Amino acid sequence: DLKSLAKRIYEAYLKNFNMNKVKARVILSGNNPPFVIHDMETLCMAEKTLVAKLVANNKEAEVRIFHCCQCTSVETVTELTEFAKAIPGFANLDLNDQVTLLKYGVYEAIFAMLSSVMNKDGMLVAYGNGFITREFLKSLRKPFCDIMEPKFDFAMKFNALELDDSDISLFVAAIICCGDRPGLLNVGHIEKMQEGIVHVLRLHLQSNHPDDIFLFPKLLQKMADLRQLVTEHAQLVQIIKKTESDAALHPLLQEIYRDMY
Amino acid sequence: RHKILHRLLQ
Ligand SMILES: CCCCCCCCCCCCCCCC(=O)O
């Protein structure tokens with residue numbers, strides 16, 4: 001029954017995401033050591049080693065960084081789509097509703113999972129092979145210095161919940177299976193799928209975190225916080241699109257943001 | 001309207 005649904009969702013998470021919290025923690029603790037990006041010199045060194053093709057010819061450092069941000073998001077959306085297709089029940093949905101659920105859910109899920117590669121000083125990037133500092137990102141020229149800091153702020157509080165990958169996989173499934181997204185065709189069926197996943201999440205947190213009797217409502221609130229974080233992020237991305245000609249937006253991300261909020 | 005997503009979903 002429900003312990004099995006939880007395990008199936010956790011197995012789908014482990015298969016489909018290149019990064020998980022165990023992997024990240026092994027790297028962040030200190031083969032393939034992460035190259036630390038803390039200033040312009042180390043950014044340019046890291047680019048030559050980790051994204052060589054991007055700098056083989058150059059556009060401002062901030063625009064190159066934002067391009068790497070979007071490349072990461074494109075990869076994570078692909079992982080999230082596979083994960084979703086492995087969520088028991090998702091594939092029975094109307095294809096239009098599958099699209100809608102992913103459209104509104106991917107960035108909430110992205111920023112939730114980003115917490116796993118963040119600490120108070122910085123974040124893992126480039127498949128675990130770079131660590132870019134929080135202070136360096138703050139140092140970038142406006143508006144690019146305003147992208148990541150709200151995500152670090154969310155992450156520091158999210159990480160203090162001490163979730164593990166078995167919790168996070170269910171949380172991400174609950175983010176995706178959300179029946180109040182705009183434009184859904186079969187709201188009733190999606191709400192029932194959501195109720196099923198949230199019930200499994202509730203029972204799992206009771207078992208896995210008997211020490212924190214409010215953990216489930218804390219996570220319902222984090223879901224609401226993420227929706228607000230995404231609304232704000234999309235507004236910033238629109239400012240960048242309109243005022244930064246060199247910072248082209250990738251077509252999959254344009255499709256996601258278009259008509260979102 | 002979401003051709004890349006729709007493709008990814010298949
Ligand atoms: C040398 C590589 C440097 C790369 C540094 C930036 C990588 C950050 C990845 C997390 C990005 C989160 C922000 C997403 C932006 C978006 O898709 O709208």
# chains A, B, ... in the order shown; residues from 1 in each chain; ligands from 1
>>> residues_near_ligand(ligand="ligand 1", cutoff="6 Å", atoms="only C-alpha atoms and all ligand atoms", output="number ranges by chain")
A: 43, 46-47, 65, 68-70, 72-73, 125
>>> residues_around(residues="range 98-114 of chain A", least_positions_apart="3", cutoff="8 Å", atoms="only C-alpha atoms", output="PyMOL selection string")
(chain A and resi 73+76-77+80-81+90-91+93-95+117-118+151+155+158+168+172+175-178+181-184+223+226-227+229-230+256-257+260) or (chain B and resi 2+5-6+9)
>>> write_last_selection(atoms="N, CA and C atoms", output="JSON list (two decimals), in the first residue's frame")
[["chain", "number", "residue", "atom", "x", "y", "z"],
["A", 73, "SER", "N", 18.84, 24.58, -15.47],
["A", 73, "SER", "CA", 17.38, 24.45, -15.39],
["A", 73, "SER", "C", 16.84, 23.56, -16.49],
["A", 76, "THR", "N", 17.47, 20.06, -15.44],
["A", 76, "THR", "CA", 16.60, 19.63, -14.35],
["A", 76, "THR", "C", 15.14, 19.46, -14.80],
["A", 77, "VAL", "N", 14.62, 20.32, -15.70],
["A", 77, "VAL", "CA", 13.26, 20.10, -16.24],
["A", 77, "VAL", "C", 13.17, 18.74, -16.94],
["A", 80, "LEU", "N", 12.93, 16.15, -14.27],
["A", 80, "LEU", "CA", 11.63, 16.24, -13.62],
["A", 80, "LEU", "C", 10.54, 15.62, -14.47],
["A", 81, "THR", "N", 10.66, 15.74, -15.80],
["A", 81, "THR", "CA", 9.67, 15.13, -16.67],
["A", 81, "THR", "C", 9.70, 13.61, -16.59],
["A", 90, "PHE", "N", 0.54, 9.43, -12.94],
["A", 90, "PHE", "CA", 0.71, 10.67, -13.70],
["A", 90, "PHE", "C", 0.44, 10.44, -15.17],
["A", 91, "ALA", "N", 0.93, 9.31, -15.67],
["A", 91, "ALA", "CA", 0.84, 8.96, -17.07],
["A", 91, "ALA", "C", -0.58, 8.63, -17.51],
["A", 93, "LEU", "N", -2.94, 10.58, -16.90],
["A", 93, "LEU", "CA", -3.56, 11.87, -17.06],
["A", 93, "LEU", "C", -3.60, 12.28, -18.52],
["A", 94, "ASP", "N", -4.56, 13.14, -18.83],
["A", 94, "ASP", "CA", -4.58, 13.76, -20.14],
["A", 94, "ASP", "C", -3.24, 14.45, -20.39],
["A", 95, "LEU", "N", -2.71, 14.26, -21.59],
["A", 95, "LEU", "CA", -1.40, 14.85, -21.92],
["A", 95, "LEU", "C", -1.38, 16.35, -21.70],
["A", 117, "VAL", "N", 22.05, 21.26, -2.70],
["A", 117, "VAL", "CA", 23.41, 21.55, -3.11],
["A", 117, "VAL", "C", 23.89, 22.88, -2.55],
["A", 118, "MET", "N", 23.10, 23.51, -1.68],
["A", 118, "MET", "CA", 23.42, 24.80, -1.09],
["A", 118, "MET", "C", 23.85, 24.64, 0.36],
["A", 151, "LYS", "N", 16.98, 32.40, -3.23],
["A", 151, "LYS", "CA", 16.98, 30.95, -3.23],
["A", 151, "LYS", "C", 17.86, 30.42, -2.09],
["A", 155, "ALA", "N", 16.64, 28.12, 1.03],
["A", 155, "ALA", "CA", 17.35, 26.87, 1.27],
["A", 155, "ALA", "C", 17.83, 26.78, 2.69],
["A", 158, "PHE", "N", 14.93, 25.70, 4.66],
["A", 158, "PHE", "CA", 14.50, 24.37, 4.24],
["A", 158, "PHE", "C", 15.48, 23.30, 4.74],
["A", 168, "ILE", "N", 12.27, 14.21, 0.47],
["A", 168, "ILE", "CA", 12.26, 15.20, -0.61],
["A", 168, "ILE", "C", 11.59, 14.65, -1.86],
["A", 172, "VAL", "N", 8.62, 16.62, -3.71],
["A", 172, "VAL", "CA", 8.64, 16.99, -5.12],
["A", 172, "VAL", "C", 7.46, 16.38, -5.87],
["A", 175, "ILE", "N", 4.53, 18.54, -5.07],
["A", 175, "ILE", "CA", 4.60, 19.80, -5.81],
["A", 175, "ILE", "C", 4.02, 19.61, -7.19],
["A", 176, "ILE", "N", 4.39, 18.52, -7.87],
["A", 176, "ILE", "CA", 3.95, 18.31, -9.24],
["A", 176, "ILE", "C", 2.45, 18.01, -9.30],
["A", 177, "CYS", "N", 1.96, 17.22, -8.36],
["A", 177, "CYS", "CA", 0.59, 16.70, -8.41],
["A", 177, "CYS", "C", -0.28, 17.64, -7.62],
["A", 178, "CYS", "N", -0.60, 18.76, -8.25],
["A", 178, "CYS", "CA", -1.19, 19.89, -7.55],
["A", 178, "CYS", "C", -2.43, 20.31, -8.32],
["A", 181, "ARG", "N", -3.57, 24.17, -10.21],
["A", 181, "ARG", "CA", -2.88, 24.86, -11.29],
["A", 181, "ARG", "C", -3.90, 25.45, -12.27],
["A", 182, "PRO", "N", -3.61, 26.61, -12.81],
["A", 182, "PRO", "CA", -4.48, 27.22, -13.83],
["A", 182, "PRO", "C", -4.60, 26.36, -15.07],
["A", 183, "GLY", "N", -5.82, 26.20, -15.56],
["A", 183, "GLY", "CA", -5.99, 25.61, -16.85],
["A", 183, "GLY", "C", -6.09, 24.11, -16.89],
["A", 184, "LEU", "N", -6.19, 23.44, -15.74],
["A", 184, "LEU", "CA", -6.33, 22.00, -15.74],
["A", 184, "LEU", "C", -7.69, 21.59, -16.29],
["A", 223, "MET", "N", 5.58, 24.71, 0.48],
["A", 223, "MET", "CA", 5.05, 24.64, -0.88],
["A", 223, "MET", "C", 4.50, 26.00, -1.29],
["A", 226, "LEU", "N", 7.31, 28.42, -1.95],
["A", 226, "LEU", "CA", 7.92, 28.17, -3.25],
["A", 226, "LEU", "C", 7.11, 28.80, -4.36],
["A", 227, "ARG", "N", 5.77, 28.71, -4.30],
["A", 227, "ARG", "CA", 4.97, 29.34, -5.34],
["A", 227, "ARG", "C", 5.26, 30.83, -5.41],
["A", 229, "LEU", "N", 8.08, 32.32, -4.35],
["A", 229, "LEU", "CA", 9.44, 32.44, -4.85],
["A", 229, "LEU", "C", 9.49, 32.36, -6.36],
["A", 230, "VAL", "N", 8.70, 31.46, -6.95],
["A", 230, "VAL", "CA", 8.69, 31.29, -8.40],
["A", 230, "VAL", "C", 8.04, 32.49, -9.08],
["A", 256, "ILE", "N", 7.97, 27.48, -20.83],
["A", 256, "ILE", "CA", 7.52, 27.32, -19.45],
["A", 256, "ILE", "C", 7.04, 28.65, -18.87],
["A", 257, "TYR", "N", 7.82, 29.72, -19.04],
["A", 257, "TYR", "CA", 7.46, 31.01, -18.46],
["A", 257, "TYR", "C", 6.28, 31.67, -19.18],
["A", 260, "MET", "N", 2.75, 31.98, -17.73],
["A", 260, "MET", "CA", 2.74, 31.32, -16.42],
["A", 260, "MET", "C", 2.09, 32.18, -15.35],
["B", 2, "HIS", "N", 3.33, 24.05, -25.88],
["B", 2, "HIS", "CA", 4.50, 23.56, -25.15],
["B", 2, "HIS", "C", 5.12, 22.38, -25.91],
["B", 5, "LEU", "N", 8.01, 20.43, -24.13],
["B", 5, "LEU", "CA", 7.49, 19.63, -23.03],
["B", 5, "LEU", "C", 6.68, 18.45, -23.55],
["B", 6, "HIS", "N", 5.80, 18.70, -24.52],
["B", 6, "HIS", "CA", 4.96, 17.62, -25.00],
["B", 6, "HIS", "C", 5.81, 16.50, -25.58],
["B", 9, "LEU", "N", 7.42, 14.60, -22.83],
["B", 9, "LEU", "CA", 6.47, 13.71, -22.15],
["B", 9, "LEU", "C", 6.20, 12.43, -22.93]]
>>> closest_residue(among="A:252, A:190, A:54, A:124", to="residue 3 in chain B", atoms="only C-alpha atoms")
A:252
>>> select_by_dssp(residues="range 37-110 of chain A", states="helix (DSSP H, G or I)", output="PyMOL selection string")
chain A and resi 40-50+52-55+61-85+90-92+95-110
>>> select_by_dssp(residues="range 63-159 of chain A", states="strand (DSSP E)", output="number ranges by chain")
A: 118-119, 122-125, 130-133
>>> atom_distance(atom1="CA of residue 222 in chain A", atom2="CA of residue 165 in chain A")
16.3 Å
>>> closest_residue(among="A:74, A:87, A:187, A:205", to="residue 4 in chain B", atoms="only C-alpha atoms")
A:74
>>> residues_around(residues="residue 5 in chain A", least_positions_apart="3", cutoff="9 Å", atoms="only C-alpha atoms", output="list in words")
residues 1, 2, 8, 9, 10, 87, 88, 197 and 200 of chain A
>>> atom_distance(atom1="CA of residue 62 in chain A", atom2="CA of residue 152 in chain A")
18.2 Å
>>> atom_distance(atom1="CA of residue 136 in chain A", atom2="CA of residue 78 in chain A")
28.1 Å
>>> closest_residue(among="A:198, A:84, A:28, A:44", to="chain B", atoms="only C-alpha atoms")
A:84
